[PDB]
Amino acid sequence: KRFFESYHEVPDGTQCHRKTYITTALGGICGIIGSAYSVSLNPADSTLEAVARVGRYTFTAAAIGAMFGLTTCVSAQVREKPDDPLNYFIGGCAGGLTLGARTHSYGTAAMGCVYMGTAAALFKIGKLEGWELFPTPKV
Amino acid sequence: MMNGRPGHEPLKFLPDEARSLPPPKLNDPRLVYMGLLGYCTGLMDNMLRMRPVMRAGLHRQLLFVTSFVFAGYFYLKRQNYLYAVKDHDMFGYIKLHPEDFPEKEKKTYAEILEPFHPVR
Amino acid sequence: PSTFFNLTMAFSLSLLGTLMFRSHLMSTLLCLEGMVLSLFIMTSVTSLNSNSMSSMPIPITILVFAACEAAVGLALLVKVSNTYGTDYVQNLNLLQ
Amino acid sequence: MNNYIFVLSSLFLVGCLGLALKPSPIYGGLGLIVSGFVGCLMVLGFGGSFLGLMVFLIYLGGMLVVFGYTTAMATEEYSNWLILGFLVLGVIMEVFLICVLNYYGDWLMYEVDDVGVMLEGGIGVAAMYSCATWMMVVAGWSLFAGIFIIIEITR
Amino acid sequence: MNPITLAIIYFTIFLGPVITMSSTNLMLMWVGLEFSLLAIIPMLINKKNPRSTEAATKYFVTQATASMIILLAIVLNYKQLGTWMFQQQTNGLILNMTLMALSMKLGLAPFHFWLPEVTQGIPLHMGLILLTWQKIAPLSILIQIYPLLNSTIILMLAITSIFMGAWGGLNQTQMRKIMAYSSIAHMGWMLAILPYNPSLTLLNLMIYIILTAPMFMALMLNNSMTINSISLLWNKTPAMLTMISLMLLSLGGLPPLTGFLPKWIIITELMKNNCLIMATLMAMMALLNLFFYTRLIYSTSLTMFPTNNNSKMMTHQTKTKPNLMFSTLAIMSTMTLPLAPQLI
Amino acid sequence: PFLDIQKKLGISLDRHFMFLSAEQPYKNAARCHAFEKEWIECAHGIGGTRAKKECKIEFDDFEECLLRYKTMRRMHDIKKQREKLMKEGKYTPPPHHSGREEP
Amino acid sequence: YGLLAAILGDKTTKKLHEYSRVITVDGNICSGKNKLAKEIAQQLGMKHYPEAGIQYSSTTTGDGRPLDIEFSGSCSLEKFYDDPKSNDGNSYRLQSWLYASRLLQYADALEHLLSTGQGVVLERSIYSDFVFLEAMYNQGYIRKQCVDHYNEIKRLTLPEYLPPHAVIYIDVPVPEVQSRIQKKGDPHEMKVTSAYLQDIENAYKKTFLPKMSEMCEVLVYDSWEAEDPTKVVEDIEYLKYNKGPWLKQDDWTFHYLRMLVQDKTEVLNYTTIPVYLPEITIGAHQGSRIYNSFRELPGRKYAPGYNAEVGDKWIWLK
Amino acid sequence: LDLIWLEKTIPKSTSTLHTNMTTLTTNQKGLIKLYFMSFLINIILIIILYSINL
Ligand SMILES: Nc1ncnc2c1ncn2[C@@H]1O[C@H](COP(=O)(O)OP(=O)(O)O)[C@@H](O)[C@H]1O
């Protein structure tokens, strides 16, 4: 776990390699989990068919992970701005686009771009403003 | 929260300590609301059971307006206590642990420079 | 000691079982019971090496409640192979 | 043989493994019987007698007996071999895991009152009748209700 | 049911939650849970229709394995602390088990699959008990142990439930299942504030009970398990159309009605505790719940669906009345908001 | 607990037997009875939030009477290294390990 | 009547006697069953229920004065005959209302049987209604789905009620009935295509009679046996009420059945199921008007006992 | 821009987005095995959520 966290430690826009790798893993992990629920429920017809679906979901998710990581990191270096939430939006923007492609739908890319990017941007803001998620009870 | 307080009455409704608090005036708007809340329950019942809405169960209407209200005085009497305990508890702590709640002294405006953002 | 980790994993292996049906309701009702045995054994074991005699009542209360629990479970099972001629779970898919 | 305890635990684990594989309901019942036997053994190993007996006269007794009865009625159709194979697969994996800590009966009967006269299993559970008198009332109500639940659910 | 049996069962279904609540020895809390499991199964199969046996056999297996997991937590604690009850020291995994298990009996979040299906095959009446007098027991166990449970998991199960409940409800047209789905959702809010202010869980429950109990006795007054069935309410009994309208919008959070308070104070408490991330997302999809509530509103009240001639016949005959509880629980529920300060 | 119908009614059907140091049948004290007392008369009047830091000496000890793991550890080490000393023929059990003794 | 009453006595078990049975007499459009019924009734004091009518429910409820046609579902047997295969489908609406009417009649009959203990002769019953629909579908009168909708209502409601103890039956060949029609002259009843009468009896003969034979006592009578209530009555008193589902009706089982018939709103709960076949549909605008108008009739605007128009008093304390 | 583009983007899209979710989330076999394993997955993830955030 010390791993994933690393993504945040080094300043954004720097060491994109590690960023993309980490982002790709998270997506892939989600892919596995997502495929699992998708196979446990709404099962397949043959073991192979399901192994394929696991692969499909895993790769698609890994891809959205990569492009998000790559776009955000690169957008940063190029723009010479490491804390501009927009960076992430461009990244989320891209991530959605990959999802759209893997689903072969321009429309999905639309919703995907806006919704996904917005979400990622909010993550950046969240980190920038020190928003706390799942907080301990401090009343 | 307020449970676990010293002296807590394990299953009592309103500990006698609540005697010290003023009793709720019977016409307290709230108890009067409960009354109206009640009359309406009564009227509603008549309606759902298809009876003349207002001219029926004039005995029930009374049971309702008088059950809800009865409940109120004795509930409000308590909720009032609970809130009163909350201060007793809150104010006390502010003192017993004074340093944590220190009386700060603000400066007058003459000294405070507040930023001016020109609308223009 | 380790004795406890075997029993605990026995309960998890029995856990993995009840949560993965294999077309036999009876078998499940039988796996479910494998847990109760593992719980009964573990409760009895620690109570015995803690010399906590005040608690031995529990090891048995666990079994008494578990037995009836199973009685109910089997009556449902008999009810099912009276309505569908089998205990097979697939049949239980009307509530979709 | 200090390993005696570990040996038993392993057997128990293996038996539950079989039940886990969900063999024929009858095979499952048989497996549990073996495990229950192992179980009473372990409990007795610690020193508890009455306790060990119970599982025997309750599980090795009717608990599986009715199951058995039951299965005869609702289980008609007999890969068990494959299941047996996976069982061996699990056994070695189980063994492998213990061998993992291998590279990396010492303390039982942790404490005992060498001289004692009224200590023994069952005495504590005998206190269901005195100073624990709420366990057995609730258990009795459980049985007295269970009668009714089963009679209607069968009805 | 031989009235004697009816008594024994009903007593158990009622001794079941009460033992849980009263006792402190967890064991005695477990058997309280066990008795509830045994008592509910007979009533569930009263019609003994093929759907029913399916319902009970699912409810029972889901309930039984969760019961066994709760017992394992108590058995493990007994070794990590001689006590038969969770303490500050309790291993975190020990408590998390209890959360998952108890969240299965209550049916929250990723374990929300059994409830909608058992709510679909049981009568409307036993539906209420299965939804509201069987949630009191497990919640009691959680509320008692709140200081110790994890804020992260609860929140995840909370948010998930809200979403699953909402999304599930949108598609459903069977009423029993619309309610099952709502209960999953409300149950979610309740478990969200448990780690922070248990006292509010007990409000978000009562209000749910004072809202759902009138709503179901409404569904059964005409015994309509279909929206199409509840839509012809205007012909079968016109008066309940007004309150059915407000109670359902009250079940969702719309501001004038009593239903806003639980969501409002839960949001106030979560923001007081700084979860302005979590609280925001919950409130937003909470708005999805009202959409399916209002879609039903449309069919039952705001628009009059066509009815059947044979209905004129049912009008003729005197309609067996709705119990008084409906009224007292419809009004105290649709409009108590002016009295919120005391409620909390 | 959630509804204390027990304290109110004064009955004690569920409290008398929640910890090891509670009355044992025939007055036969259970194991560890020396610590749990010391760890609950300490945490009495002090709530949990403060029964978890300052009354940590008594739980760290009671966590060792029962689990008795540090002992296991120490002893296990003694065993392993003794094996190494025997390995170097440095040590072998004396008649102390095996000899006659008082009643 | 409720568990409370049942718990303390009030058991149908203590109120049943040999003469206490559900006996229906079914025949063609004119089997003289009306006559046989009254007599059998007179014989054992059986409450003789009249055949179910369009306004039987209105006579059942409140004042009992006949309702306006549109208030009673706008059904005409008269129009049934003069306009078969009508565009508006009055014939199916007539049949569906008839099934609801006998459902009310059968339930009222069962309530009298379990409370009083007296038996009941109900002439035609829900059990013997299908023959009209079978003949109507065999003819152009009703279309296939229409049939399915009636069958669905029948399957949903009829099983709950216990079967007729015995089902006295008359038979008079189609020629006979047509001729019998001519004697009581009515333009509408007169124009009933024989084949349709052929289809009605055929169903009893083939479907209804053997169906119930296994379930209840079946006494078929030739016209000659008929018109001799004494003989038929004698035979009923002769048959042994053994075979049938009635054997298992213990007191604790009857209680629930009683509480059903005791609630008319439930008896026909499934008669109003929201299946939208076009003939059955009220329609919201027409249905709302008919309701505002049926609900405004004196004594109907409020529950029985509370409407002052008809002279109810004490409303302010009820 | 009125009608189609400003109705397809904000009002209609949000209409479409969620309906898909319910359809995918609510298309369930109804079989117990499937549902249950999902319980398995959950236990696994929660076990981890605790593990990694130990
Ligand atoms: N399903 C039905 N459809 C049309 N008419 C019916 C139906 N059931 C009963 N009837 C009417 O009932 C009448 C019975 O004939 P009637 O001579 O009045 O009594 P009985 O049948 O005892 O001789 C018939 O004229 C017939 O029109």
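Going by Swiss-Prot, the residues shown for chain G are 38-355, listed in order.
Recorded method is electron microscopy, 3.2 Å.
Positions of Cβ are set from backbone N, Cα and C atoms, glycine also.
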Which candidate in G:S57, G:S109, G:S250 appears in Swiss-Prot with the annotation phosphoserine?
G:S250
Scan G:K52, G:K70, G:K122 for the residue that Swiss-Prot records as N6-succinyllysine.
G:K122
From G:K51, G:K116, G:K221, G:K285, the annotation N6-succinyllysine in Swiss-Prot is attached to G:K285
Nonlocal residues around G:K285 (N6-succinyllysine), in sequence order (Cβ under 8 Å, 6 or more apart):
none
Spatial separation of G:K122 (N6-acetyllysine) from G:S250 (phosphoserine) - C-alpha basis, Å
33
Tertiary neighbours of G:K122 (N6-acetyllysine) (same chain, Cβ under 8 Å, six or more apart):
G:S128, G:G177, G:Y178
